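Q: One file is attached below, coords28.cif, containing mmCIF, C-alpha atoms and all ligand atoms.
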data_protein
#
loop_
_atom_site.label_atom_id
_atom_site.label_comp_id
_atom_site.auth_asym_id
_atom_site.auth_seq_id
_atom_site.Cartn_x
_atom_site.Cartn_y
_atom_site.Cartn_z
CA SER L 1 42.75 165.93 0.20
CA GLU L 2 44.72 165.86 3.50
CA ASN L 3 47.68 167.84 2.05
CA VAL L 4 45.84 171.18 2.10
CA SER L 5 46.26 171.43 5.87
CA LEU L 6 49.92 170.41 5.61
CA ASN L 7 50.51 172.69 2.63
CA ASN L 8 48.95 175.54 4.59
CA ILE L 9 51.33 175.11 7.56
CA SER L 10 54.48 174.85 5.49
CA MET L 11 53.57 177.93 3.43
CA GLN L 12 52.97 180.06 6.52
CA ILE L 13 56.48 179.07 7.72
CA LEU L 14 58.09 179.84 4.36
CA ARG L 15 56.27 183.17 4.14
CA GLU L 16 57.63 184.15 7.56
CA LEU L 17 61.16 183.23 6.49
CA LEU L 18 60.78 185.23 3.28
CA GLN L 19 60.08 188.35 5.34
CA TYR L 20 63.69 188.12 6.55
CA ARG L 21 65.51 186.95 3.42
CA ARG L 22 69.14 187.93 2.91
CA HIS L 23 69.82 188.31 -0.81
CA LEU L 24 71.91 190.42 -3.17
CA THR L 25 69.74 193.47 -3.67
CA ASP L 26 69.18 194.42 -7.31
CA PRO L 27 66.03 196.08 -8.75
CA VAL L 28 66.46 194.32 -12.09
CA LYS L 29 65.63 191.07 -10.27
CA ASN L 30 62.05 189.80 -10.49
CA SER L 31 61.40 189.17 -6.81
CA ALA L 32 58.19 187.30 -7.54
CA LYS L 33 59.89 184.63 -9.64
CA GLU L 34 62.73 184.38 -7.09
CA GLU L 35 60.28 183.65 -4.27
CA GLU L 36 58.43 181.22 -6.52
CA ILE L 37 61.68 179.29 -6.94
CA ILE L 38 62.51 179.33 -3.24
CA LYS L 39 59.06 177.87 -2.59
CA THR L 40 59.92 174.90 -4.81
CA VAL L 41 63.22 174.28 -3.02
CA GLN L 42 62.32 174.69 0.65
CA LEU L 43 58.65 173.68 1.00
CA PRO L 44 59.50 169.96 0.62
CA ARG L 45 62.29 170.18 3.19
CA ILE L 46 59.89 171.99 5.54
CA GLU L 47 57.05 169.50 5.07
CA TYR L 48 59.36 166.61 5.93
CA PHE L 49 59.20 167.79 9.54
CA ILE L 50 55.51 168.67 9.44
CA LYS L 51 54.50 165.25 8.01
CA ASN L 52 56.39 163.59 10.84
CA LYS L 53 54.92 166.02 13.39
CA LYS L 54 58.60 166.77 14.43
CA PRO L 55 59.76 170.34 15.18
CA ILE L 56 61.31 172.15 12.19
CA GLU L 57 65.08 172.12 12.64
CA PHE L 58 67.34 174.78 11.14
CA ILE L 59 71.10 174.86 10.74
CA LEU L 60 72.93 178.19 10.76
CA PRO L 61 76.77 178.40 10.63
CA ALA L 62 77.22 181.80 12.33
CA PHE L 63 78.90 183.88 15.09
CA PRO L 64 82.46 182.48 14.72
CA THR L 65 84.41 185.33 16.44
CA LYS L 66 84.30 189.12 16.86
CA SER L 67 86.10 191.09 14.14
CA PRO L 68 89.50 192.37 15.30
CA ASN L 69 89.27 195.75 13.48
CA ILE L 70 88.24 198.30 16.13
CA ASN L 71 87.06 200.55 13.30
CA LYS L 72 84.29 198.01 12.76
CA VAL L 73 83.33 196.65 16.20
CA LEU L 74 83.28 197.84 19.83
CA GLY L 75 85.01 194.99 21.68
CA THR L 76 86.27 191.37 21.48
CA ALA L 77 83.26 190.20 23.58
CA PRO L 78 79.74 189.72 22.08
CA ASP L 79 77.59 192.91 22.34
CA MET L 80 73.92 194.00 21.99
CA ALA L 81 73.96 193.37 18.23
CA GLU L 82 74.73 189.69 18.94
CA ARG L 83 72.11 189.73 21.73
CA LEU L 84 69.42 191.27 19.57
CA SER L 85 70.23 188.72 16.86
CA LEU L 86 69.95 185.75 19.20
CA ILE L 87 66.77 187.18 20.73
CA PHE L 88 65.36 187.49 17.22
CA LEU L 89 66.24 183.98 16.08
CA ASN L 90 64.78 182.49 19.25
CA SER L 91 61.55 184.50 19.05
CA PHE L 92 61.38 183.44 15.39
CA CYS L 93 61.10 179.83 16.58
CA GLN L 94 58.68 180.80 19.32
CA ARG L 95 56.05 182.16 16.85
CA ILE L 96 56.27 179.05 14.57
CA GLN L 97 54.68 177.32 17.57
CA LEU L 98 51.46 179.31 17.24
CA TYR L 99 51.08 178.06 13.63
CA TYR L 100 52.58 174.63 14.45
CA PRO L 101 52.40 173.01 17.93
CA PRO L 102 55.79 171.11 17.78
CA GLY L 103 57.58 174.40 17.02
CA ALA L 104 61.14 174.76 15.73
CA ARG L 105 64.82 174.61 16.73
CA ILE L 106 67.87 176.39 15.29
CA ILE L 107 71.33 174.94 15.77
CA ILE L 108 73.92 177.71 15.62
CA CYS L 109 77.03 175.99 14.20
CA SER L 110 79.71 178.46 15.26
CA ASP L 111 82.41 178.33 12.57
CA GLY L 112 85.00 180.08 14.75
CA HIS L 113 87.83 177.59 14.99
CA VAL L 114 87.51 176.32 11.42
CA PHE L 115 89.14 179.39 9.88
CA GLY L 116 90.69 180.88 13.03
CA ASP L 117 94.21 180.66 11.55
CA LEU L 118 93.25 182.63 8.41
CA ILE L 119 91.54 185.42 10.34
CA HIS L 120 94.65 185.85 12.52
CA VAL L 121 92.49 185.59 15.69
CA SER L 122 93.72 183.65 18.76
CA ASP L 123 91.95 180.31 19.34
CA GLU L 124 91.91 181.49 22.98
CA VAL L 125 89.73 184.50 22.01
CA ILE L 126 87.51 182.43 19.65
CA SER L 127 86.89 179.99 22.51
CA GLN L 128 86.14 182.95 24.75
CA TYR L 129 83.68 184.45 22.21
CA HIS L 130 81.95 181.07 21.89
CA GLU L 131 81.73 180.75 25.68
CA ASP L 132 80.11 184.19 26.02
CA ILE L 133 77.63 183.35 23.29
CA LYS L 134 76.49 180.25 25.15
CA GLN L 135 76.27 182.55 28.19
CA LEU L 136 74.10 185.00 26.25
CA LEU L 137 71.77 182.19 25.20
CA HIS L 138 71.18 181.43 28.86
CA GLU L 139 70.92 185.11 29.90
CA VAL L 140 68.21 185.60 27.29
CA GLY L 141 66.31 182.33 27.69
CA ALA L 142 66.81 181.28 24.04
CA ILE L 143 65.44 177.79 24.69
CA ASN L 144 65.01 177.00 20.98
CA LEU L 145 68.63 177.85 20.11
CA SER L 146 71.48 175.37 20.64
CA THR L 147 75.22 175.24 19.71
CA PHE L 148 77.32 172.90 17.47
CA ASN L 149 81.16 173.18 17.39
CA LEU L 150 84.09 171.29 15.74
CA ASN L 151 84.83 169.87 19.22
CA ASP L 152 81.39 168.19 19.18
CA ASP L 153 82.03 165.87 16.20
CA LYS L 154 83.27 162.46 17.46
CA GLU L 155 84.88 161.65 14.08
CA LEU L 156 87.13 164.74 14.13
CA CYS L 157 89.75 164.76 16.90
CA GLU L 158 88.66 164.17 20.50
CA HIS L 159 90.65 167.07 21.97
CA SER L 160 89.66 170.76 22.05
CA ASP L 161 93.45 171.29 22.04
CA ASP L 162 95.26 170.66 18.73
CA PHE L 163 92.44 172.61 17.06
CA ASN L 164 95.09 172.98 14.35
CA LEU L 165 94.80 169.18 14.02
CA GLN L 166 90.98 169.43 14.07
CA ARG L 167 91.26 171.99 11.26
CA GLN L 168 93.64 169.68 9.36
CA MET L 169 91.31 166.71 9.83
CA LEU L 170 88.27 168.72 8.71
CA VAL L 171 90.11 169.92 5.60
CA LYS L 172 91.36 166.51 4.59
CA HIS L 173 88.00 164.73 5.11
CA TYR L 174 85.50 167.42 4.03
CA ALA L 175 87.35 170.13 2.06
CA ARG L 176 87.66 170.79 -1.66
CA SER L 177 90.70 171.95 -3.66
CA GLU L 178 91.26 175.72 -3.52
CA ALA L 179 91.46 175.65 -7.32
CA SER L 180 88.03 173.96 -7.42
CA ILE L 181 86.74 176.51 -4.87
CA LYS L 182 88.11 179.34 -7.05
CA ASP L 183 86.96 177.74 -10.25
CA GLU L 184 83.45 177.32 -8.86
CA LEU L 185 83.49 180.81 -7.35
CA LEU L 186 84.15 182.38 -10.75
CA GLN L 187 81.21 180.90 -12.68
CA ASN L 188 78.27 182.71 -11.05
CA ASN L 189 77.89 186.32 -10.17
CA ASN L 190 76.83 184.72 -6.86
CA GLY L 191 80.28 183.24 -6.42
CA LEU L 192 81.92 186.35 -7.83
CA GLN L 193 80.26 188.57 -5.25
CA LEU L 194 81.07 186.18 -2.39
CA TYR L 195 84.75 186.23 -3.33
CA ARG L 196 84.76 190.04 -3.47
CA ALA L 197 82.96 190.38 -0.16
CA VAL L 198 85.19 187.95 1.74
CA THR L 199 88.35 189.63 0.43
CA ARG L 200 87.02 193.05 1.44
CA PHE L 201 86.29 191.96 5.02
CA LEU L 202 89.71 190.29 5.30
CA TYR L 203 91.46 193.39 3.93
CA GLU L 204 89.65 195.76 6.29
CA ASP L 205 90.53 193.76 9.42
CA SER L 206 94.18 193.65 8.34
CA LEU L 207 94.75 197.41 8.50
CA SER L 208 102.44 197.68 2.10
CA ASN L 209 99.13 197.91 0.23
CA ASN L 210 99.83 195.43 -2.60
CA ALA L 211 101.09 192.64 -0.38
CA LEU L 212 97.98 193.35 1.69
CA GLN L 213 95.82 193.13 -1.46
CA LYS L 214 97.13 189.87 -2.89
CA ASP L 215 97.18 188.37 0.59
CA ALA L 216 93.51 189.10 1.30
CA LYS L 217 92.66 187.54 -2.07
CA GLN L 218 94.58 184.39 -1.11
CA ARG L 219 93.24 184.17 2.44
CA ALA L 220 89.73 184.70 1.08
CA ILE L 221 89.86 181.52 -0.96
CA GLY L 222 91.25 179.81 2.10
CA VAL L 223 88.48 181.04 4.40
CA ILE L 224 85.83 180.02 1.89
CA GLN L 225 87.45 176.60 1.51
CA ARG L 226 87.30 176.10 5.28
CA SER L 227 83.73 177.33 5.57
CA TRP L 228 82.44 175.12 2.76
CA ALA L 229 84.23 172.21 4.42
CA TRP L 230 82.41 173.09 7.64
CA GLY L 231 79.19 173.13 5.68
CA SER L 232 80.03 169.75 4.15
CA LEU L 233 80.50 168.46 7.68
CA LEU L 234 77.15 169.92 8.73
CA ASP L 235 75.62 168.64 5.46
CA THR L 236 76.41 165.08 6.57
CA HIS L 237 75.48 165.49 10.24
CA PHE L 238 72.09 167.27 9.78
CA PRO L 239 71.02 166.33 6.25
CA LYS L 240 67.30 166.91 6.46
CA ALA L 241 67.73 170.23 8.27
CA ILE L 242 66.73 173.44 6.57
CA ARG L 243 69.90 175.33 5.79
CA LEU L 244 70.00 178.93 6.97
CA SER L 245 72.94 181.14 6.01
CA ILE L 246 74.48 184.42 6.99
CA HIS L 247 75.44 185.26 3.33
CA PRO L 248 73.23 186.23 0.39
CA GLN L 249 72.21 183.12 -1.54
CA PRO L 250 70.75 182.48 -4.98
CA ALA L 251 67.10 181.46 -5.06
CA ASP L 252 67.85 177.99 -6.45
CA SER L 253 70.30 177.28 -3.63
CA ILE L 254 69.56 174.89 -0.81
CA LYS L 255 70.96 177.49 1.60
CA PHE L 256 68.58 180.29 2.60
CA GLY L 257 70.26 183.53 3.72
CA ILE L 258 68.70 185.39 6.60
CA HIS L 259 68.89 188.73 8.43
CA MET L 260 68.79 189.05 12.21
CA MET L 261 68.78 192.82 12.74
CA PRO L 262 67.85 195.69 10.42
CA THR L 263 70.75 196.67 8.17
CA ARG L 264 71.46 198.29 4.81
CA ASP L 265 74.48 196.05 4.00
CA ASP L 266 73.49 192.59 2.73
CA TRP L 267 76.86 191.26 3.99
CA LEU L 268 76.86 192.85 7.43
CA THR L 269 76.79 190.56 10.40
CA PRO L 270 76.79 191.48 14.09
CA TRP L 271 80.28 190.15 14.61
CA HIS L 272 81.44 192.73 12.04
CA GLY L 273 79.48 195.71 13.35
CA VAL L 274 77.85 197.47 16.30
CA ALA L 275 74.27 198.33 17.35
CA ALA L 276 72.90 201.85 16.84
CA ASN L 277 69.51 203.16 17.98
CA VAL L 278 68.31 205.66 15.36
CA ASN L 279 64.72 207.02 15.39
CA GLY L 280 63.67 204.25 17.80
CA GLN L 281 65.05 201.43 15.63
CA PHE L 282 68.26 199.49 16.35
CA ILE L 283 70.42 199.11 13.17
CA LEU L 284 73.69 197.26 12.44
CA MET L 285 76.44 199.66 11.28
CA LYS L 286 80.26 199.78 11.35
CA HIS L 287 81.72 201.41 14.49
CA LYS L 288 83.36 204.27 12.56
CA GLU L 289 80.18 205.35 10.71
CA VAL L 290 78.33 205.77 14.05
CA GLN L 291 81.19 207.90 15.46
CA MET L 292 80.83 210.14 12.34
CA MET L 293 77.09 210.25 13.14
CA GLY L 294 78.08 211.48 16.64
CA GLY L 295 76.06 208.85 18.51
CA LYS L 296 77.15 208.31 22.14
CA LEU L 297 78.27 204.86 23.38
CA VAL L 298 76.11 203.15 26.06
CA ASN L 299 77.80 200.54 28.31
CA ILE L 300 75.84 197.74 30.08
CA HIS L 301 77.44 195.13 32.42
CA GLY L 302 80.37 197.61 32.33
CA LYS L 303 81.57 196.46 28.87
CA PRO L 304 80.41 198.82 26.06
CA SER L 305 77.29 197.39 24.37
CA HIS L 306 75.80 199.89 21.88
CA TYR L 307 75.71 203.44 20.47
CA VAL L 308 72.57 205.66 20.67
CA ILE L 309 71.97 208.44 18.07
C1 LIG J 1 82.41 182.35 3.79
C2 LIG J 1 82.86 182.79 5.20
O1 LIG J 1 83.43 182.02 5.90
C3 LIG J 1 82.63 184.21 5.76
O2 LIG J 1 81.86 185.02 4.90
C4 LIG J 1 82.19 184.28 7.26
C5 LIG J 1 81.14 183.22 7.66
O3 LIG J 1 81.19 183.00 9.05
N1 LIG J 1 81.87 185.63 7.77
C6 LIG J 1 82.95 186.62 7.57
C7 LIG J 1 84.37 186.07 7.80
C8 LIG J 1 84.94 186.56 9.13
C9 LIG J 1 84.35 186.21 10.33
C10 LIG J 1 84.87 186.67 11.54
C11 LIG J 1 86.00 187.49 11.54
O4 LIG J 1 86.58 187.97 12.73
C12 LIG J 1 86.58 187.84 10.33
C13 LIG J 1 86.06 187.37 9.13
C14 LIG J 1 82.86 187.49 6.29
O5 LIG J 1 81.77 187.67 5.65
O6 LIG J 1 83.91 188.06 5.86
#
Let me see the structure of the file written as structure tokens.

A:
Amino acid sequence: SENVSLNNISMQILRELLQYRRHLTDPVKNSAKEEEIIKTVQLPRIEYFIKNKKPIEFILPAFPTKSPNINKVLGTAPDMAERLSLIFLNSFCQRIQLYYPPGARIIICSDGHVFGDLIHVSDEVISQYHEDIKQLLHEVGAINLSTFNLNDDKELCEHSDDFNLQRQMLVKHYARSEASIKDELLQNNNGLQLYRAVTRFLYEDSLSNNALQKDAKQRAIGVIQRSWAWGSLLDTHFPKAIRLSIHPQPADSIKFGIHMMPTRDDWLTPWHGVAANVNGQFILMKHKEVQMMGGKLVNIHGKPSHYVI
């Protein structure tokens, strides 16, 4: 039949994605059955675009703001690790074109303002970080990548200002009760490990140790509640889009987690790390670990960009 050509194209795309999959690493996991499951979830969503001879569109909520802990990152502004990551995502769409002529697009849905309050990061800085990321997309020629922000939705408040109000509106319309978020979080080991990870990152950036513990635990549920709301919003806007994610994700999930630079931490993202050249390969690592390595900082455009070891 005529499906063999279509089924060939979709499977080449899925196989390329699988090369970059972000997942909880555990050697007791059968990887072969995991991939078999992912095939059953994503191949239909992929073929929807191929049948209609439409470019494959991907959603990725990512790059909200730079982490404020200087022990983790180099500067408030986006750095090489962000640049490498954008360059990678764009070139990922570019090669789909050789297999498929329409090619693909990735909408980066920057979640910066949605949880800005809970990160204790100025909306002014988040807006600045977003602006620079659009500027990096032009610097690099990332013609397949585009940006979606809370400001963009017509339904949520018109104004960029009163982001607080935008946050309130998003939570009322698209959020879920924190108790539901916590209850759901505590069924899976998927949800368990998300909760742990998000608390850890919130703790680290915040350095009265107990008040600091219980607070990170409470803010974590908050930040997850906001981010799932954001996803709900995206889930309505771009329903047939393939859902990329910056977090590990179970194989049955609709979301597909993805890496953008080499790293040994499944939870690391370039806005929580720096770029290190070791043995001719750039890697994503926390700022402090590189300093222990003794690698020397390299500054481009004046602002520090990366560390070379
Ligand atoms: C479920 C989530 O919403 C998070 O996982 C989130 C996704 O965007 N990434 C971060 C959160 C974070 C980001 C910027 C910052 O300055 C501080 C914290 C994380 O993993 O901890």

Q: Could you list, with a cut-off of 7 Å and counting all atoms listed in the file, the residues of chain L near ligand LIG 1 (chain J), each shown with its nearest atom pair and the distance in Å rounded to one decimal, rows sorted by chain and ascending number, as JSON lines?

A:
{"residue": "L:61", "atom": "CA", "partner": "J:LIG1", "partner_atom": "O3", "distance": 6.6}
{"residue": "L:62", "atom": "CA", "partner": "J:LIG1", "partner_atom": "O3", "distance": 5.3}
{"residue": "L:63", "atom": "CA", "partner": "J:LIG1", "partner_atom": "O3", "distance": 6.5}
{"residue": "L:64", "atom": "CA", "partner": "J:LIG1", "partner_atom": "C10", "distance": 5.8}
{"residue": "L:65", "atom": "CA", "partner": "J:LIG1", "partner_atom": "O4", "distance": 5.0}
{"residue": "L:66", "atom": "CA", "partner": "J:LIG1", "partner_atom": "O4", "distance": 4.9}
{"residue": "L:67", "atom": "CA", "partner": "J:LIG1", "partner_atom": "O4", "distance": 3.5}
{"residue": "L:68", "atom": "CA", "partner": "J:LIG1", "partner_atom": "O4", "distance": 5.9}
{"residue": "L:111", "atom": "CA", "partner": "J:LIG1", "partner_atom": "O3", "distance": 6.0}
{"residue": "L:119", "atom": "CA", "partner": "J:LIG1", "partner_atom": "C12", "distance": 5.5}
{"residue": "L:197", "atom": "CA", "partner": "J:LIG1", "partner_atom": "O5", "distance": 6.5}
{"residue": "L:198", "atom": "CA", "partner": "J:LIG1", "partner_atom": "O6", "distance": 4.3}
{"residue": "L:201", "atom": "CA", "partner": "J:LIG1", "partner_atom": "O6", "distance": 4.6}
{"residue": "L:202", "atom": "CA", "partner": "J:LIG1", "partner_atom": "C13", "distance": 6.0}
{"residue": "L:223", "atom": "CA", "partner": "J:LIG1", "partner_atom": "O1", "distance": 5.4}
{"residue": "L:224", "atom": "CA", "partner": "J:LIG1", "partner_atom": "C1", "distance": 4.6}
{"residue": "L:227", "atom": "CA", "partner": "J:LIG1", "partner_atom": "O1", "distance": 4.7}
{"residue": "L:246", "atom": "CA", "partner": "J:LIG1", "partner_atom": "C5", "distance": 6.8}
{"residue": "L:247", "atom": "CA", "partner": "J:LIG1", "partner_atom": "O2", "distance": 6.6}
{"residue": "L:267", "atom": "CA", "partner": "J:LIG1", "partner_atom": "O5", "distance": 6.3}
{"residue": "L:271", "atom": "CA", "partner": "J:LIG1", "partner_atom": "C10", "distance": 6.5}
{"residue": "L:272", "atom": "CA", "partner": "J:LIG1", "partner_atom": "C11", "distance": 7.0}

Q: Take the residues that were just selected and, keeping C-alpha atoms, output them as a PDB file, keeping the file's coordinate frame.

A:
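Result file is result_25.pdb:
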ATOM      1  CA  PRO L  61      76.770 178.400  10.630  1.00  0.00           C
ATOM      2  CA  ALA L  62      77.220 181.800  12.330  1.00  0.00           C
ATOM      3  CA  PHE L  63      78.900 183.880  15.090  1.00  0.00           C
ATOM      4  CA  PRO L  64      82.460 182.480  14.720  1.00  0.00           C
ATOM      5  CA  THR L  65      84.410 185.330  16.440  1.00  0.00           C
ATOM      6  CA  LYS L  66      84.300 189.120  16.860  1.00  0.00           C
ATOM      7  CA  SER L  67      86.100 191.090  14.140  1.00  0.00           C
ATOM      8  CA  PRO L  68      89.500 192.370  15.300  1.00  0.00           C
ATOM      9  CA  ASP L 111      82.410 178.330  12.570  1.00  0.00           C
ATOM     10  CA  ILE L 119      91.540 185.420  10.340  1.00  0.00           C
ATOM     11  CA  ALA L 197      82.960 190.380  -0.160  1.00  0.00           C
ATOM     12  CA  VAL L 198      85.190 187.950   1.740  1.00  0.00           C
ATOM     13  CA  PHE L 201      86.290 191.960   5.020  1.00  0.00           C
ATOM     14  CA  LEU L 202      89.710 190.290   5.300  1.00  0.00           C
ATOM     15  CA  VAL L 223      88.480 181.040   4.400  1.00  0.00           C
ATOM     16  CA  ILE L 224      85.830 180.020   1.890  1.00  0.00           C
ATOM     17  CA  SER L 227      83.730 177.330   5.570  1.00  0.00           C
ATOM     18  CA  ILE L 246      74.480 184.420   6.990  1.00  0.00           C
ATOM     19  CA  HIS L 247      75.440 185.260   3.330  1.00  0.00           C
ATOM     20  CA  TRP L 267      76.860 191.260   3.990  1.00  0.00           C
ATOM     21  CA  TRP L 271      80.280 190.150  14.610  1.00  0.00           C
ATOM     22  CA  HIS L 272      81.440 192.730  12.040  1.00  0.00           C
TER      23      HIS L 272
END

Q: Would you kindly return, as JSON, numbers by chain, each protein, DNA or RNA residue with an atom no farther than 9 Å from any atom of residue L:91, considering only C-alpha atoms and excluding same-chain residues fewer than 5 positions away?

A: {"L": [86, 96, 142, 144]}

Q: Out of L:176, L:54, L:226, L:264, which residue has the shortest atom-to-atom distance to residue L:24 when counting all atoms listed in the file?

A: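 Result for the nearest residue to residue L:24: L:264.
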
Q: Need to verify the contact set: residue L:255, 9 Å, all atoms listed in the file, exclusion of same-chain residues closer than 6 positions in sequence. Can you return it as a PyMOL selection string?

A: chain L and resi 242-245+249

Q: When you draw a straight line from atom CA of residue L:132 to atom CA of residue L:156, how long is it in Å?

A: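 So the two atoms, atom CA of residue L:132 and atom CA of residue L:156, lie 23.9 Å apart.
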
Q: Can you pull out the residues contacting residue L:35? Cut-off 12 Å, using all atoms listed in the file, and skip same-chain residues under 6 positions away; I want them as a VMD selection string.

A: chain L and resid 11 14 to 15 17 to 19 21 23 29 41 to 43 250 to 253 256

Q: Quick one: everything within 10 Å of residue L:151, counting all atoms listed in the file, minus sequence neighbours fewer than 2 positions away in the same chain. Send it as a VMD selection string.

A: chain L and resid 113 148 to 149 153 to 161 163 166

Q: For the atom pair atom CA of residue L:174 and atom CA of residue L:233, what is the interatomic distance in Å to one decimal place?

A: 6.3 Å

Q: Kindly indicate which residue among L:104, L:190, L:129, L:69 lies nearest to residue L:203, using all atoms listed in the file for the distances.

A: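 Closest to residue L:203, using all atoms listed in the file: L:69.
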
Q: Under the rule of at most 10 Å, produce a per-residue listing of stretch 65-166 of chain L near stretch 284-305 of chain L: chain, number, name, the closest pair of atoms, and the distance in Å, as a tab-separated table, using all atoms listed in the file.

A:
residue	atom	partner	partner_atom	distance
L:69	CA	L:287	CA	9.5
L:70	CA	L:287	CA	7.4
L:71	CA	L:288	CA	5.3
L:72	CA	L:287	CA	4.6
L:73	CA	L:287	CA	5.3
L:74	CA	L:287	CA	6.6
L:75	CA	L:304	CA	7.4
L:77	CA	L:303	CA	8.4
L:78	CA	L:305	CA	8.4
L:79	CA	L:305	CA	4.9
L:80	CA	L:305	CA	5.3
L:81	CA	L:284	CA	7.0
L:82	CA	L:305	CA	9.8
L:83	CA	L:305	CA	9.6

Q: Could you write out the selected residues, including C-alpha atoms, as a compact mmCIF listing (two decimals), in the coordinates of the input?

A:
# COMPACT_ATOMS: atom_id res chain seq x y z
CA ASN L 69 89.27 195.75 13.48
CA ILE L 70 88.24 198.30 16.13
CA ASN L 71 87.06 200.55 13.30
CA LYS L 72 84.29 198.01 12.76
CA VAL L 73 83.33 196.65 16.20
CA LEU L 74 83.28 197.84 19.83
CA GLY L 75 85.01 194.99 21.68
CA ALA L 77 83.26 190.20 23.58
CA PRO L 78 79.74 189.72 22.08
CA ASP L 79 77.59 192.91 22.34
CA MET L 80 73.92 194.00 21.99
CA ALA L 81 73.96 193.37 18.23
CA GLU L 82 74.73 189.69 18.94
CA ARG L 83 72.11 189.73 21.73

Q: Just to confirm, what's the straight-line distance from atom CA of residue L:172 to atom CA of residue L:229 in Å (one decimal)?

A: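 These atoms are spaced 9.1 Å apart.
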
Q: Using all atoms listed in the file, pick whichever of L:216, L:36, L:51, L:175 has the shortest atom-to-atom distance to residue L:231.

A: L:175

Q: Pick the closest to residue L:130 from L:94, L:193, L:117, L:76: which is it, counting all atoms listed in the file?

A: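 Counting all atoms listed in the file, the residue closest to residue L:130 is L:76.
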
Q: Check the smallest atom-to-atom distance from each of L:97, L:213, L:248, L:177 to residue L:189 using only C-alpha atoms, then report the winner.

A: L:248

Q: Which is closer to residue L:260 than all the others in L:48, L:88, L:99, L:228, using only C-alpha atoms?

A: L:88

Q: Give as a ChimeraX atom specification each residue that has an atom at most 6 Å from (66.4, 170.6, 12.7) in the file, counting all atoms listed in the file.

A: /L:56-58,105,241

Q: Will you model N, CA and C atoms for stretch 224-238 of chain L and pass it back as a PDB file, in the coordinates of the input?

A:
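Result file follows (rebuild-v4.pdb):
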ATOM      1  N   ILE L 224      86.980 180.657   2.516  1.00  0.00           N
ATOM      2  CA  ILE L 224      85.830 180.020   1.890  1.00  0.00           C
ATOM      3  C   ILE L 224      86.000 178.514   1.847  1.00  0.00           C
ATOM      4  N   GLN L 225      87.209 178.042   1.533  1.00  0.00           N
ATOM      5  CA  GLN L 225      87.450 176.600   1.510  1.00  0.00           C
ATOM      6  C   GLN L 225      87.153 175.979   2.868  1.00  0.00           C
ATOM      7  N   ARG L 226      87.601 176.620   3.948  1.00  0.00           N
ATOM      8  CA  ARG L 226      87.300 176.100   5.280  1.00  0.00           C
ATOM      9  C   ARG L 226      85.804 176.102   5.531  1.00  0.00           C
ATOM     10  N   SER L 227      85.140 177.222   5.233  1.00  0.00           N
ATOM     11  CA  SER L 227      83.730 177.330   5.570  1.00  0.00           C
ATOM     12  C   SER L 227      82.862 176.385   4.748  1.00  0.00           C
ATOM     13  N   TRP L 228      83.226 176.107   3.490  1.00  0.00           N
ATOM     14  CA  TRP L 228      82.440 175.120   2.760  1.00  0.00           C
ATOM     15  C   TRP L 228      82.717 173.721   3.284  1.00  0.00           C
ATOM     16  N   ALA L 229      83.946 173.463   3.736  1.00  0.00           N
ATOM     17  CA  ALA L 229      84.230 172.210   4.420  1.00  0.00           C
ATOM     18  C   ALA L 229      83.328 172.054   5.635  1.00  0.00           C
ATOM     19  N   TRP L 230      83.303 173.077   6.493  1.00  0.00           N
ATOM     20  CA  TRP L 230      82.410 173.090   7.640  1.00  0.00           C
ATOM     21  C   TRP L 230      80.984 172.796   7.216  1.00  0.00           C
ATOM     22  N   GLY L 231      80.539 173.401   6.128  1.00  0.00           N
ATOM     23  CA  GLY L 231      79.190 173.130   5.680  1.00  0.00           C
ATOM     24  C   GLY L 231      79.039 171.688   5.244  1.00  0.00           C
ATOM     25  N   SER L 232      80.031 171.163   4.516  1.00  0.00           N
ATOM     26  CA  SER L 232      80.030 169.750   4.150  1.00  0.00           C
ATOM     27  C   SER L 232      79.879 168.879   5.386  1.00  0.00           C
ATOM     28  N   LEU L 233      80.633 169.196   6.437  1.00  0.00           N
ATOM     29  CA  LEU L 233      80.500 168.460   7.680  1.00  0.00           C
ATOM     30  C   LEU L 233      79.077 168.557   8.217  1.00  0.00           C
ATOM     31  N   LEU L 234      78.536 169.774   8.306  1.00  0.00           N
ATOM     32  CA  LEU L 234      77.150 169.920   8.730  1.00  0.00           C
ATOM     33  C   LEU L 234      76.202 169.201   7.766  1.00  0.00           C
ATOM     34  N   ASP L 235      76.468 169.290   6.459  1.00  0.00           N
ATOM     35  CA  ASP L 235      75.620 168.640   5.460  1.00  0.00           C
ATOM     36  C   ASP L 235      75.494 167.139   5.699  1.00  0.00           C
ATOM     37  N   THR L 236      76.530 166.499   6.244  1.00  0.00           N
ATOM     38  CA  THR L 236      76.410 165.080   6.570  1.00  0.00           C
ATOM     39  C   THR L 236      75.706 164.879   7.903  1.00  0.00           C
ATOM     40  N   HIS L 237      76.043 165.682   8.910  1.00  0.00           N
ATOM     41  CA  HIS L 237      75.480 165.490  10.240  1.00  0.00           C
ATOM     42  C   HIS L 237      73.969 165.753  10.270  1.00  0.00           C
ATOM     43  N   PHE L 238      73.506 166.887   9.724  1.00  0.00           N
ATOM     44  CA  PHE L 238      72.090 167.270   9.780  1.00  0.00           C
ATOM     45  C   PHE L 238      71.484 167.363   8.388  1.00  0.00           C
TER      46      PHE L 238
END
